[PDB]
Every structure is written in structure tokens, then in C-alpha cells.
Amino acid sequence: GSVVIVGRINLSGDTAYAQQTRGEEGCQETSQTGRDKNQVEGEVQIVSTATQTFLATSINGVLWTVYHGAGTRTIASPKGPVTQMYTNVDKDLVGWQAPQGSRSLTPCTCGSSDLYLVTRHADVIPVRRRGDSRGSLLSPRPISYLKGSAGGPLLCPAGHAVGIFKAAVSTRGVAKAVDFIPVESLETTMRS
């Protein structure tokens, strides 16, 4: 089965919003065939397999997401199923060549420690960077609130890509910190 784009998180306006482009029946069918003729736009896609739904984010012309969501699956596209360009299970990372029509987030060079995590419901959650791949949640959210947002972007105050959300440190169902694949690690994967 292919990963299928079923919506987007629009970030170009004053407030973020989620848009649905495909339902359950459409997603199941598109997954089997791997032929998706829908127009792609924006930076953050909402994606699904048959069993899970999550996010994918374009950075440096590659559409990235989490391995624990996508496995080694192809992504459905206009020309049929497209094989993964990158697969790094140790980083919980996969990527495909960004679909035609998509736009990529610019890598952050600010070195800012105030970050912003975008969820699949288009919430923008402030995150304080605490290391290479960690940020603490200033204001926590329960785990159920963040569920399905893996593969989404962490952004800097200027709206650059800082990383890809992959996991949350859960304490009794509440997330106090988030873990992410930094953009620099994405670049390293693209290099060597």
C-alpha cells in the first residue's frame, strides 16, 4: 500500500488551517493503485496509510516524514507509486522527492531557541529548544492532542524549518517535551 496525501496544513495566511482533500474511501483506493491525480500545494501535507494518519513536510525539495508512519512505502503520485529517496530507520526518517506543485520550507539559519510546532489540526505550539533534537513544551499538551502530528514541522520565529517532529516524552499522558530530526540531520542524510 502507498502513502496517500489526504489534506494539507496551509501556512501562507494569518492563521494556520487544515484542509481535507481526500476521505477514507478515496484514501484506501489511492493507496492500492498508487495513482494520485490531485493537485499538490504547500509545505505540509496530511498523509495516510490504511491504518495510520500523520504529516509530511517539504524541505530542500524532499517531502519528509517519519519512518514509524510511512515504513518503506511508496507515495501515490500522478505517474503512479514513487519509491523513497531516503530511508534512515535510526533517525526515524524517510523522504520522497517533493511532489510537483509543492513548495519547500527554507532551512533556518537564525539559531533561534524559540520554536513552533505545527499540528495536524493546524495548532501552532511554542517549543523551547533544549538540545540538537529536543525541545521542551512551555505549555504542555496531552499526548492525544499531538497524536498524528509526527512528520510535521518545527519552525523558527521567522517561519524557517528547524526540524521534523518525531516523538514526544510522555508523562502520564501529557507531553512536556518533543523530539525532532533537525534540518541539519536532514542535510547530512542528503549529503552522505
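From 1 onward, residues are counted along the sequence shown.
Between the stretches 120-128 and 146-154, it is 120-128 that shows the larger average CA temperature factor.
Set 33-41 against 63-71 and average the Cα temperature factors; 33-41 ends up higher. Ranked by Cα temperature factor within the chain, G26 sits in the middle third according to the deposited record. Split the chain's modelled residues into thirds by C-alpha temperature factor. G159 is in the highest one. Looking at the C-alpha B-factors along this chain, the one for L11 belongs to the highest third. When the CA B factors of the chain's modelled residues are split into thirds, the value for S139 lands in the highest one.
In this PDB entry, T57 carries a Cα temperature factor that places it within the lowest third of its chain's modelled residues.
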